[PDB]
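Trainee: Coordinates in run.cif, mmCIF, C-alpha atoms, are listed below.
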```cif
data_work
loop_
_atom_site.group_PDB
_atom_site.id
_atom_site.type_symbol
_atom_site.label_atom_id
_atom_site.label_comp_id
_atom_site.auth_asym_id
_atom_site.auth_seq_id
_atom_site.Cartn_x
_atom_site.Cartn_y
_atom_site.Cartn_z
ATOM 1 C CA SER A 21 -21.006 -51.301 22.824
ATOM 2 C CA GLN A 22 -22.558 -53.115 19.852
ATOM 3 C CA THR A 23 -25.931 -54.874 19.606
ATOM 4 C CA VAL A 24 -28.436 -56.432 17.294
ATOM 5 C CA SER A 25 -31.925 -57.635 17.950
ATOM 6 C CA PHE A 26 -34.419 -60.238 16.912
ATOM 7 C CA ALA A 27 -38.056 -60.750 17.712
ATOM 8 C CA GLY A 28 -37.984 -57.659 19.910
ATOM 9 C CA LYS A 29 -35.006 -58.669 22.042
ATOM 10 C CA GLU A 30 -31.520 -57.191 22.186
ATOM 11 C CA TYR A 31 -28.396 -59.286 21.988
ATOM 12 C CA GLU A 32 -24.693 -58.432 22.292
ATOM 13 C CA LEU A 33 -22.513 -59.172 19.300
ATOM 14 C CA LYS A 34 -19.745 -61.178 20.865
ATOM 15 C CA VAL A 35 -16.231 -61.685 19.629
ATOM 16 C CA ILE A 36 -14.853 -64.810 18.062
ATOM 17 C CA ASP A 37 -11.219 -63.889 18.217
ATOM 18 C CA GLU A 38 -8.249 -64.661 16.072
ATOM 19 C CA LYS A 39 -7.037 -67.625 18.128
ATOM 20 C CA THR A 40 -10.342 -69.456 17.826
ATOM 21 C CA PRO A 41 -9.494 -72.856 16.381
ATOM 22 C CA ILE A 42 -11.141 -74.325 13.303
ATOM 23 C CA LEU A 43 -12.774 -77.729 13.363
ATOM 24 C CA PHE A 44 -13.629 -80.012 10.481
ATOM 25 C CA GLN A 45 -15.313 -83.404 10.752
ATOM 26 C CA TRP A 46 -15.071 -86.666 8.863
ATOM 27 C CA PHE A 47 -16.683 -89.876 9.915
ATOM 28 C CA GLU A 48 -15.873 -92.819 7.762
ATOM 29 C CA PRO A 49 -18.278 -95.672 7.285
ATOM 30 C CA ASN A 50 -16.061 -97.565 4.882
ATOM 31 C CA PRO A 51 -12.339 -97.226 5.543
ATOM 32 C CA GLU A 52 -11.610 -100.046 3.123
ATOM 33 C CA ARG A 53 -12.228 -97.522 0.275
ATOM 34 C CA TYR A 54 -8.774 -96.101 0.460
ATOM 35 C CA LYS A 55 -5.455 -97.208 -0.906
ATOM 36 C CA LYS A 56 -2.720 -98.229 1.460
ATOM 37 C CA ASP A 57 -1.089 -95.253 3.142
ATOM 38 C CA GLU A 58 -3.662 -92.681 2.068
ATOM 39 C CA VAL A 59 -5.469 -90.585 4.632
ATOM 40 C CA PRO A 60 -8.977 -91.965 4.729
ATOM 41 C CA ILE A 61 -10.747 -88.769 3.893
ATOM 42 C CA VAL A 62 -12.147 -88.101 0.459
ATOM 43 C CA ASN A 63 -9.911 -86.032 -1.775
ATOM 44 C CA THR A 64 -11.296 -86.239 -5.322
ATOM 45 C CA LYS A 65 -11.585 -83.347 -7.767
ATOM 46 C CA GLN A 66 -15.253 -83.361 -7.126
ATOM 47 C CA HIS A 67 -14.818 -83.543 -3.342
ATOM 48 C CA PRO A 68 -11.337 -82.436 -2.465
ATOM 49 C CA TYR A 69 -12.007 -82.420 1.203
ATOM 50 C CA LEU A 70 -8.515 -83.157 2.465
ATOM 51 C CA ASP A 71 -6.951 -80.500 0.285
ATOM 52 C CA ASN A 72 -9.453 -77.972 1.588
ATOM 53 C CA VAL A 73 -8.522 -78.798 5.130
ATOM 54 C CA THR A 74 -4.820 -78.415 4.437
ATOM 55 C CA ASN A 75 -5.450 -75.222 2.507
ATOM 56 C CA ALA A 76 -7.160 -73.771 5.509
ATOM 57 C CA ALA A 77 -4.293 -74.850 7.744
ATOM 58 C CA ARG A 78 -1.699 -73.238 5.500
ATOM 59 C CA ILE A 79 -3.724 -70.000 5.357
ATOM 60 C CA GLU A 80 -4.505 -69.880 9.103
ATOM 61 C CA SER A 81 -0.981 -70.499 10.307
ATOM 62 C CA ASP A 82 -1.563 -69.164 13.810
ATOM 63 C CA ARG A 83 -4.704 -71.112 14.585
ATOM 64 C CA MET A 84 -5.134 -74.729 15.448
ATOM 65 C CA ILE A 85 -6.984 -76.686 12.723
ATOM 66 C CA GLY A 86 -8.635 -79.854 13.933
ATOM 67 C CA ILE A 87 -9.987 -82.864 12.171
ATOM 68 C CA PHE A 88 -12.617 -84.662 14.202
ATOM 69 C CA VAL A 89 -12.761 -88.375 12.745
ATOM 70 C CA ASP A 90 -14.387 -91.563 13.591
ATOM 71 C CA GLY A 91 -14.624 -95.000 11.950
ATOM 72 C CA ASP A 92 -12.785 -98.331 12.160
ATOM 73 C CA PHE A 93 -9.494 -97.215 10.724
ATOM 74 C CA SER A 94 -6.582 -99.585 10.289
ATOM 75 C CA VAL A 95 -3.197 -99.189 11.894
ATOM 76 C CA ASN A 96 -1.937 -98.180 8.543
ATOM 77 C CA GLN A 97 -4.593 -95.406 8.423
ATOM 78 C CA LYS A 98 -3.674 -94.236 11.874
ATOM 79 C CA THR A 99 -0.156 -93.915 10.509
ATOM 80 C CA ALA A 100 -1.248 -91.765 7.646
ATOM 81 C CA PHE A 101 -3.224 -89.543 9.938
ATOM 82 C CA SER A 102 -0.162 -89.177 12.112
ATOM 83 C CA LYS A 103 1.943 -88.231 9.130
ATOM 84 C CA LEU A 104 -0.573 -85.473 8.336
ATOM 85 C CA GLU A 105 -0.119 -84.050 11.799
ATOM 86 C CA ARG A 106 3.594 -84.165 11.340
ATOM 87 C CA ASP A 107 3.656 -82.329 8.031
ATOM 88 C CA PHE A 108 1.520 -79.531 9.422
ATOM 89 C CA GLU A 109 2.434 -77.811 12.594
ATOM 90 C CA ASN A 110 -1.129 -76.636 13.219
ATOM 91 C CA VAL A 111 -3.184 -79.711 12.336
ATOM 92 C CA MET A 112 -4.538 -82.057 15.002
ATOM 93 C CA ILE A 113 -6.320 -85.360 14.440
ATOM 94 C CA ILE A 114 -9.025 -85.918 16.984
ATOM 95 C CA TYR A 115 -10.451 -89.444 17.239
ATOM 96 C CA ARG A 116 -13.931 -89.702 18.639
ATOM 97 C CA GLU A 117 -13.006 -92.660 20.843
ATOM 98 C CA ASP A 118 -10.381 -90.528 22.573
ATOM 99 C CA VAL A 119 -12.679 -87.667 23.445
ATOM 100 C CA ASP A 120 -14.645 -87.847 26.627
ATOM 101 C CA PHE A 121 -18.173 -86.710 25.909
ATOM 102 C CA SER A 122 -19.582 -88.349 29.034
ATOM 103 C CA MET A 123 -20.760 -85.156 30.535
ATOM 104 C CA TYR A 124 -23.312 -84.945 27.730
ATOM 105 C CA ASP A 125 -24.662 -88.452 28.066
ATOM 106 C CA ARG A 126 -27.996 -89.620 29.303
ATOM 107 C CA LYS A 127 -29.115 -93.173 30.008
ATOM 108 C CA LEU A 128 -31.373 -94.798 27.556
ATOM 109 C CA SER A 129 -33.637 -96.044 30.389
ATOM 110 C CA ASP A 130 -34.210 -92.546 31.611
ATOM 111 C CA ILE A 131 -35.232 -91.531 28.102
ATOM 112 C CA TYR A 132 -37.657 -94.412 27.817
ATOM 113 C CA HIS A 133 -39.233 -93.535 31.178
ATOM 114 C CA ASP A 134 -39.861 -90.057 30.080
ATOM 115 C CA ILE A 135 -41.249 -91.211 26.779
ATOM 116 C CA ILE A 136 -43.359 -93.754 28.518
ATOM 117 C CA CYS A 137 -44.947 -91.368 31.125
ATOM 118 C CA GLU A 138 -45.824 -88.999 28.443
ATOM 119 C CA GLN A 139 -47.551 -91.757 26.484
ATOM 120 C CA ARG A 140 -49.243 -92.971 29.636
ATOM 121 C CA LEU A 141 -50.560 -89.481 30.383
ATOM 122 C CA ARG A 142 -53.073 -89.628 27.566
ATOM 123 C CA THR A 143 -56.801 -89.585 27.512
ATOM 124 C CA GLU A 144 -58.562 -92.907 27.953
ATOM 125 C CA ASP A 145 -58.718 -93.942 24.290
ATOM 126 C CA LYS A 146 -56.145 -91.588 22.843
ATOM 127 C CA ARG A 147 -53.460 -93.923 24.242
ATOM 128 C CA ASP A 148 -51.262 -95.688 21.738
ATOM 129 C CA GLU A 149 -51.173 -99.259 22.920
ATOM 130 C CA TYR A 150 -49.150 -100.416 19.999
ATOM 131 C CA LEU A 151 -46.441 -97.837 20.783
ATOM 132 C CA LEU A 152 -46.392 -98.350 24.538
ATOM 133 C CA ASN A 153 -45.930 -102.056 24.246
ATOM 134 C CA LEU A 154 -43.075 -101.634 21.957
ATOM 135 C CA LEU A 155 -41.433 -98.990 24.107
ATOM 136 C CA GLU A 156 -41.765 -101.110 27.247
ATOM 137 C CA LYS A 157 -40.322 -104.085 25.477
ATOM 138 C CA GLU A 158 -37.424 -102.020 24.233
ATOM 139 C CA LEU A 159 -36.778 -100.784 27.708
ATOM 140 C CA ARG A 160 -36.684 -104.305 29.152
ATOM 141 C CA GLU A 161 -34.095 -105.284 26.621
ATOM 142 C CA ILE A 162 -31.447 -102.733 27.581
ATOM 143 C CA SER A 163 -28.403 -104.047 29.414
ATOM 144 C CA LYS A 164 -26.540 -101.958 31.914
ATOM 145 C CA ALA A 165 -23.447 -102.431 29.793
ATOM 146 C CA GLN A 166 -25.089 -100.731 26.885
ATOM 147 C CA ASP A 167 -27.313 -98.279 28.748
ATOM 148 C CA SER A 168 -25.860 -95.073 27.243
ATOM 149 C CA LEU A 169 -27.131 -92.809 24.434
ATOM 150 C CA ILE A 170 -23.606 -92.071 23.423
ATOM 151 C CA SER A 171 -22.676 -95.758 23.121
ATOM 152 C CA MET A 172 -25.564 -96.418 20.915
ATOM 153 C CA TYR A 173 -24.702 -93.518 18.636
ATOM 154 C CA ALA A 174 -21.041 -94.516 18.521
ATOM 155 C CA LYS A 175 -21.980 -97.870 17.033
ATOM 156 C CA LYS A 176 -24.029 -96.238 14.312
ATOM 157 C CA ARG A 177 -22.432 -95.816 10.906
ATOM 158 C CA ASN A 178 -24.854 -93.520 9.105
ATOM 159 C CA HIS A 179 -25.586 -89.798 9.065
ATOM 160 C CA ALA A 180 -27.048 -89.809 12.500
ATOM 161 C CA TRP A 181 -23.674 -90.972 13.670
ATOM 162 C CA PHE A 182 -22.128 -87.830 12.231
ATOM 163 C CA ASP A 183 -24.709 -85.327 13.428
ATOM 164 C CA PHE A 184 -24.894 -86.650 16.973
ATOM 165 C CA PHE A 185 -21.193 -86.300 17.498
ATOM 166 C CA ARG A 186 -21.024 -82.932 15.672
ATOM 167 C CA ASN A 187 -23.408 -81.584 18.216
ATOM 168 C CA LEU A 188 -21.282 -82.857 21.055
ATOM 169 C CA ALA A 189 -18.128 -81.429 19.492
ATOM 170 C CA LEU A 190 -19.737 -78.031 19.150
ATOM 171 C CA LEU A 191 -20.520 -78.145 22.872
ATOM 172 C CA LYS A 192 -16.992 -79.026 23.716
ATOM 173 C CA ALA A 193 -15.986 -76.201 21.384
ATOM 174 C CA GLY A 194 -12.223 -75.889 21.812
ATOM 175 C CA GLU A 195 -12.037 -78.008 24.819
ATOM 176 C CA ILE A 196 -11.978 -80.664 22.121
ATOM 177 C CA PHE A 197 -8.466 -79.630 21.147
ATOM 178 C CA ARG A 198 -7.261 -80.606 24.650
ATOM 179 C CA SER A 209 -2.079 -72.049 21.010
ATOM 180 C CA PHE A 210 -5.887 -72.216 21.024
ATOM 181 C CA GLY A 211 -8.714 -70.186 22.573
ATOM 182 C CA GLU A 212 -12.083 -71.294 23.807
ATOM 183 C CA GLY A 213 -14.589 -70.982 21.000
ATOM 184 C CA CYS A 214 -14.814 -72.934 17.875
ATOM 185 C CA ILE A 215 -15.299 -72.292 14.193
ATOM 186 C CA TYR A 216 -16.846 -75.388 12.680
ATOM 187 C CA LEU A 217 -16.650 -75.722 8.939
ATOM 188 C CA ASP A 218 -17.646 -78.236 6.351
ATOM 189 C CA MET A 219 -14.747 -79.730 4.392
ATOM 190 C CA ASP A 220 -16.250 -78.513 1.129
ATOM 191 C CA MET A 221 -15.741 -74.953 2.218
ATOM 192 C CA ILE A 222 -12.713 -73.191 0.806
ATOM 193 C CA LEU A 223 -10.711 -70.503 2.458
ATOM 194 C CA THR A 224 -9.227 -67.874 0.208
ATOM 195 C CA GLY A 225 -7.786 -65.615 2.888
ATOM 196 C CA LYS A 226 -7.588 -65.049 6.623
ATOM 197 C CA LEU A 227 -10.699 -64.941 8.813
ATOM 198 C CA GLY A 228 -9.632 -62.232 11.266
ATOM 199 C CA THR A 229 -11.923 -61.301 14.143
ATOM 200 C CA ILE A 230 -15.565 -62.395 13.801
ATOM 201 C CA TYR A 231 -18.694 -61.392 15.644
ATOM 202 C CA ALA A 232 -21.882 -63.288 16.352
ATOM 203 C CA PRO A 233 -25.070 -62.670 18.362
ATOM 204 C CA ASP A 234 -24.547 -63.999 21.825
ATOM 205 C CA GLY A 235 -21.474 -65.631 20.318
ATOM 206 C CA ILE A 236 -23.294 -67.961 17.920
ATOM 207 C CA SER A 237 -23.871 -68.061 14.194
ATOM 208 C CA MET A 238 -24.844 -70.547 11.503
ATOM 209 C CA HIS A 239 -24.468 -70.705 7.735
ATOM 210 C CA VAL A 240 -27.341 -69.435 5.667
ATOM 211 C CA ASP A 241 -27.391 -70.624 2.068
ATOM 212 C CA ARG A 242 -28.951 -68.074 -0.228
ATOM 213 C CA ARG A 243 -28.374 -69.897 -3.544
ATOM 214 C CA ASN A 244 -31.256 -70.503 -5.941
ATOM 215 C CA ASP A 245 -32.905 -67.362 -4.739
ATOM 216 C CA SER A 246 -34.135 -69.262 -1.660
ATOM 217 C CA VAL A 247 -32.910 -69.066 1.918
ATOM 218 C CA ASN A 248 -32.011 -71.925 4.201
ATOM 219 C CA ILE A 249 -30.280 -72.300 7.534
ATOM 220 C CA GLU A 250 -27.619 -75.107 7.137
ATOM 221 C CA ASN A 251 -25.657 -76.903 9.869
ATOM 222 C CA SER A 252 -22.664 -76.910 7.618
ATOM 223 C CA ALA A 253 -20.824 -74.050 9.359
ATOM 224 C CA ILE A 254 -21.365 -73.097 12.989
ATOM 225 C CA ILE A 255 -19.557 -70.476 15.043
ATOM 226 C CA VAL A 256 -19.425 -70.563 18.825
ATOM 227 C CA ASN A 257 -17.574 -68.284 21.217
ATOM 228 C CA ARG A 258 -17.477 -70.509 24.235
ATOM 229 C CA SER A 259 -17.822 -74.043 25.226
ATOM 230 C CA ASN A 260 -21.224 -75.386 26.340
ATOM 231 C CA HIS A 261 -22.997 -72.542 24.640
ATOM 232 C CA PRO A 262 -26.545 -72.294 25.928
ATOM 233 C CA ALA A 263 -28.164 -72.341 22.516
ATOM 234 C CA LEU A 264 -26.493 -75.689 21.957
ATOM 235 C CA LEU A 265 -27.458 -77.015 25.398
ATOM 236 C CA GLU A 266 -30.990 -76.424 24.299
ATOM 237 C CA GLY A 267 -30.200 -78.672 21.389
ATOM 238 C CA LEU A 268 -28.848 -81.232 23.801
ATOM 239 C CA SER A 269 -32.236 -81.354 25.521
ATOM 240 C CA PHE A 270 -33.921 -82.226 22.249
ATOM 241 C CA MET A 271 -31.267 -84.910 21.718
ATOM 242 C CA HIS A 272 -31.910 -86.256 25.199
ATOM 243 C CA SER A 273 -35.657 -86.512 24.601
ATOM 244 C CA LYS A 274 -35.440 -89.189 21.885
ATOM 245 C CA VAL A 275 -33.865 -92.579 21.516
ATOM 246 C CA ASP A 276 -33.669 -92.823 17.783
ATOM 247 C CA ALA A 277 -34.281 -89.367 16.398
ATOM 248 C CA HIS A 278 -35.606 -89.334 12.896
ATOM 249 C CA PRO A 279 -33.613 -87.766 10.099
ATOM 250 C CA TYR A 280 -34.372 -84.071 9.935
ATOM 251 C CA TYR A 281 -35.491 -83.943 13.527
ATOM 252 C CA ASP A 282 -32.592 -81.450 13.643
ATOM 253 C CA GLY A 283 -31.993 -81.247 17.353
ATOM 254 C CA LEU A 284 -29.261 -78.706 16.814
ATOM 255 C CA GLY A 285 -31.335 -76.358 14.676
ATOM 256 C CA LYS A 286 -34.223 -76.636 17.035
ATOM 257 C CA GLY A 287 -32.209 -75.707 20.091
ATOM 258 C CA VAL A 288 -30.724 -72.604 18.530
ATOM 259 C CA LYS A 289 -34.138 -71.438 17.328
ATOM 260 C CA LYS A 290 -35.611 -72.111 20.721
ATOM 261 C CA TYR A 291 -32.838 -70.163 22.360
ATOM 262 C CA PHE A 292 -33.604 -67.061 20.288
ATOM 263 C CA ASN A 293 -37.343 -67.674 20.511
ATOM 264 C CA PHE A 294 -37.586 -68.241 16.792
ATOM 265 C CA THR A 295 -40.933 -69.968 16.421
ATOM 266 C CA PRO A 296 -42.734 -71.304 13.333
ATOM 267 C CA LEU A 297 -44.738 -68.073 13.333
ATOM 268 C CA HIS A 298 -41.793 -65.712 13.350
ATOM 269 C CA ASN A 299 -40.214 -64.167 10.280
ATOM 270 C CA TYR A 300 -37.832 -66.686 8.706
ATOM 271 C CA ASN A 301 -35.918 -64.182 6.564
ATOM 272 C CA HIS A 302 -35.352 -61.951 9.530
ATOM 273 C CA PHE A 303 -34.058 -64.775 11.607
ATOM 274 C CA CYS A 304 -31.709 -65.753 8.744
ATOM 275 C CA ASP A 305 -30.252 -62.252 8.492
ATOM 276 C CA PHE A 306 -29.742 -62.267 12.203
ATOM 277 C CA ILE A 307 -28.115 -65.682 12.675
ATOM 278 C CA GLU A 308 -25.998 -65.808 9.561
ATOM 279 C CA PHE A 309 -22.372 -66.632 9.454
ATOM 280 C CA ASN A 310 -21.041 -65.071 6.287
ATOM 281 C CA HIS A 311 -17.411 -64.565 5.356
ATOM 282 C CA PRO A 312 -15.854 -62.910 2.347
ATOM 283 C CA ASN A 313 -12.803 -65.155 2.605
ATOM 284 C CA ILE A 314 -14.732 -68.402 2.720
ATOM 285 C CA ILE A 315 -16.512 -69.878 -0.194
ATOM 286 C CA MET A 316 -19.386 -71.734 1.354
#
```
Show how you would write the structure in this file as structure tokens.
Mentor:
Amino acid sequence: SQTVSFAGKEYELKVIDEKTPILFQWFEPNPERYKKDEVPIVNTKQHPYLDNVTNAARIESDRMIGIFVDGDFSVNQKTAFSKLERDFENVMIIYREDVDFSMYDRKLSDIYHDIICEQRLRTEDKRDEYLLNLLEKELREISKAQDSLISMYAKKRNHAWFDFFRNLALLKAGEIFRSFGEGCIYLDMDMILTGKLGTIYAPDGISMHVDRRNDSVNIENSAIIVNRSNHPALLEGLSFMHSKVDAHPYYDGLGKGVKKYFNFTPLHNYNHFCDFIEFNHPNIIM
């Protein structure tokens, strides 16, 4: 029955039902920062991320709560993570190295070819010789062992490491927990649940957090709702990811794909698109 529209197009509000699992993410650059036997996720008064995750799990007793982690954790840390699963019936630790994301890979060489043709297809003296040389040299230096975009990102230890694999996890969307249903509700660990989510709706089954604090409005990647795996708005984001080797910070492949999917251009109304896309919940403090 029920529809909304944006930029003169109609979209179905689609259900994100009560079995949709919740996913949180923590990627740890420095696992040595924890005491022996503690779970290597920050849990300070300022950033009580682990407590927030467990709080959500206690509140949503009939949903699966996942913790998507990555980093060079010790055996002793793996033990602590395992204890956390044991103390909570509905909590699952998901290590990035155990997930197969290979369906979403692209070869680095393919990416360089594309980047290179495009540079080569430039007017006689608009060509960037400095850039082309560098790109060609970079391409020569790739081994077949290491010729994967995913492998490169998995060795990274910064923010790009986190975002790249968040995007992949949102595509898997529930397949990542391989009871649980097929969408995913992705939340930042600083978000606090104060009650049950219930049934949620989103346009074409996707929504994103909009922060309205400071009397300003900004789309944030901090919470994302998807109703199905491989959502097309996210696959658009995957194309942007596939078109770069080392995307610059704030390239925001994810954001770009979603906006592209709803035809939100730089000339469209930003406030309208925020109202439309927003994930807002009375029982979550975001």
Trainee: Would you list the contacts of residue 170 (chain A) as a list in words, taking every protein, DNA or RNA residue within 9 Å and counting only C-alpha atoms, but skipping same-chain residues closer than 4 positions in sequence?
Mentor: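 Selected residues are residues 121, 122, 124, 125, 126, 127, 174, 175, 184 and 185 of chain A.
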Trainee: Could you list, as a PyMOL selection string, every residue matched by the PyMOL selection byres ((chain A and resi 240-245) around 12) in this structure?
Mentor: chain A and resi 237-239+246-254+300-311+315-316
Trainee: As an exercise, work out the distance from CA of residue 285 (chain A) to CA of residue 49 (chain A) in Å and give it to one decimal place.
Mentor: 24.5 Å
Trainee: May I have the protein, DNA and RNA residues with any atom at most 12 Å from the point (-46.3, -100.6, 25.5), counting all atoms listed in the file, written as a PyMOL selection string?
Mentor: chain A and resi 132-133+135-140+147-160
Trainee: Take the residues from that selection and put them in a file with C-alpha atoms, as an mmCIF file, in the coordinates of the input.
Mentor:
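Below is the file selection-v9.cif, written as the result:
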```cif
data_model
loop_
_atom_site.group_PDB
_atom_site.id
_atom_site.type_symbol
_atom_site.label_atom_id
_atom_site.label_comp_id
_atom_site.auth_asym_id
_atom_site.auth_seq_id
_atom_site.Cartn_x
_atom_site.Cartn_y
_atom_site.Cartn_z
ATOM 1 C CA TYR A 132 -37.657 -94.412 27.817
ATOM 2 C CA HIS A 133 -39.233 -93.535 31.178
ATOM 3 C CA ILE A 135 -41.249 -91.211 26.779
ATOM 4 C CA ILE A 136 -43.359 -93.754 28.518
ATOM 5 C CA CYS A 137 -44.947 -91.368 31.125
ATOM 6 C CA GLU A 138 -45.824 -88.999 28.443
ATOM 7 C CA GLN A 139 -47.551 -91.757 26.484
ATOM 8 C CA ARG A 140 -49.243 -92.971 29.636
ATOM 9 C CA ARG A 147 -53.460 -93.923 24.242
ATOM 10 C CA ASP A 148 -51.262 -95.688 21.738
ATOM 11 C CA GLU A 149 -51.173 -99.259 22.920
ATOM 12 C CA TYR A 150 -49.150 -100.416 19.999
ATOM 13 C CA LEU A 151 -46.441 -97.837 20.783
ATOM 14 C CA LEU A 152 -46.392 -98.350 24.538
ATOM 15 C CA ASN A 153 -45.930 -102.056 24.246
ATOM 16 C CA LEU A 154 -43.075 -101.634 21.957
ATOM 17 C CA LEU A 155 -41.433 -98.990 24.107
ATOM 18 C CA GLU A 156 -41.765 -101.110 27.247
ATOM 19 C CA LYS A 157 -40.322 -104.085 25.477
ATOM 20 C CA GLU A 158 -37.424 -102.020 24.233
ATOM 21 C CA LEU A 159 -36.778 -100.784 27.708
ATOM 22 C CA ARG A 160 -36.684 -104.305 29.152
#
```
Trainee: Could you check which of A:313, A:23, A:45, A:209 is closest to residue 84 (chain A), using all atoms listed in the file?
Mentor: A:209
Trainee: Using CA of residue 181 (chain A) and CA of residue 269 (chain A) as the two end points, give the distance in Å to one decimal.
Mentor: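 Computing the Euclidean distance for CA of residue 181 (chain A) and CA of residue 269 (chain A) yields 17.5 Å.
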Trainee: Using Å and a single decimal, report how far CA of residue 257 (chain A) sits from CA of residue 101 (chain A).
Mentor: 28.0 Å
Trainee: Would you please work out which residue, of A:262, A:312, A:60, A:41, is nearest to residue 223 (chain A) when using only C-alpha atoms?
Mentor: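 Checking each of A:262, A:312, A:60, A:41 against residue 223 (chain A), counting only C-alpha atoms, the winner is A:312.
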Trainee: Restricting the calculation to only C-alpha atoms, which member of A:256, A:55, A:261, A:180 is positioned closest to residue 281 (chain A)?
Mentor: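 When distances to residue 281 (chain A) are compared using only C-alpha atoms, the smallest one comes from A:180.
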Trainee: Could you check the closest approach to residue 83 (chain A) for each of A:290, A:39, A:53, A:29 and tell me which residue wins, using all atoms listed in the file?
Mentor: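 Going through A:290, A:39, A:53, A:29 one by one, the smallest distance to residue 83 (chain A) is for A:39.
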Trainee: Do you know which residues are at most 9 Å from residue 79 (chain A) counting all atoms listed in the file, after dropping those on the same chain fewer than 3 positions away, and could you put them as an mmCIF file with C-alpha atoms, keeping the file's coordinate frame?
Mentor:
```
data_model
loop_
_atom_site.group_PDB
_atom_site.id
_atom_site.type_symbol
_atom_site.label_atom_id
_atom_site.label_comp_id
_atom_site.auth_asym_id
_atom_site.auth_seq_id
_atom_site.Cartn_x
_atom_site.Cartn_y
_atom_site.Cartn_z
ATOM 1 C CA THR A 74 -4.820 -78.415 4.437
ATOM 2 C CA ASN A 75 -5.450 -75.222 2.507
ATOM 3 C CA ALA A 76 -7.160 -73.771 5.509
ATOM 4 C CA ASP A 82 -1.563 -69.164 13.810
ATOM 5 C CA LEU A 223 -10.711 -70.503 2.458
ATOM 6 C CA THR A 224 -9.227 -67.874 0.208
ATOM 7 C CA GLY A 225 -7.786 -65.615 2.888
ATOM 8 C CA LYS A 226 -7.588 -65.049 6.623
#
```
Trainee: Name the closest residue to residue 162 (chain A) among the candidates A:129, A:72, A:110, A:295; distances are taken between atoms, counting only C-alpha atoms.
Mentor: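 Closest candidate: A:129.
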Trainee: Would you kindly place N, CA, C and O atoms on region 272-283 of chain A and return the model as a tab-separated table (two decimals), keeping the file's coordinate frame?
Mentor:
```
chain	number	residue	atom	x	y	z
A	272	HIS	N	-31.57	-85.45	24.06
A	272	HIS	CA	-31.91	-86.26	25.20
A	272	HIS	C	-33.37	-86.70	25.27
A	272	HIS	O	-33.69	-87.61	26.02
A	273	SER	N	-34.27	-86.09	24.51
A	273	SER	CA	-35.66	-86.51	24.60
A	273	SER	C	-36.04	-87.64	23.64
A	273	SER	O	-37.12	-88.14	23.72
A	274	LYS	N	-35.14	-88.11	22.81
A	274	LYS	CA	-35.44	-89.19	21.88
A	274	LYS	C	-34.46	-90.31	22.05
A	274	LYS	O	-33.37	-90.09	22.52
A	275	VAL	N	-34.82	-91.51	21.60
A	275	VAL	CA	-33.86	-92.58	21.52
A	275	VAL	C	-33.31	-92.56	20.13
A	275	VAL	O	-32.17	-92.26	19.93
A	276	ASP	N	-34.12	-92.89	19.15
A	276	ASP	CA	-33.67	-92.82	17.78
A	276	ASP	C	-34.37	-91.71	17.09
A	276	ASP	O	-35.45	-91.92	16.55
A	277	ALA	N	-33.76	-90.53	17.10
A	277	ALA	CA	-34.28	-89.37	16.40
A	277	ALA	C	-34.35	-89.61	14.89
A	277	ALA	O	-33.47	-90.21	14.28
A	278	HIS	N	-35.43	-89.15	14.30
A	278	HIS	CA	-35.61	-89.33	12.90
A	278	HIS	C	-34.75	-88.35	12.13
A	278	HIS	O	-34.39	-87.29	12.63
A	279	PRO	N	-34.44	-88.69	10.89
A	279	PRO	CA	-33.61	-87.77	10.10
A	279	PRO	C	-34.38	-86.48	9.96
A	279	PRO	O	-35.60	-86.51	9.80
A	280	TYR	N	-33.70	-85.37	10.06
A	280	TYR	CA	-34.37	-84.07	9.94
A	280	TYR	C	-35.15	-83.64	11.16
A	280	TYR	O	-35.77	-82.60	11.15
A	281	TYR	N	-35.07	-84.41	12.24
A	281	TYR	CA	-35.49	-83.94	13.53
A	281	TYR	C	-34.69	-82.66	13.89
A	281	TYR	O	-35.25	-81.73	14.42
A	282	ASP	N	-33.41	-82.63	13.54
A	282	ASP	CA	-32.59	-81.45	13.64
A	282	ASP	C	-32.55	-80.82	15.04
A	282	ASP	O	-32.91	-79.68	15.23
A	283	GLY	N	-32.07	-81.61	15.99
A	283	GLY	CA	-31.99	-81.25	17.35
A	283	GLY	C	-31.20	-79.97	17.51
A	283	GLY	O	-31.51	-79.12	18.32
```
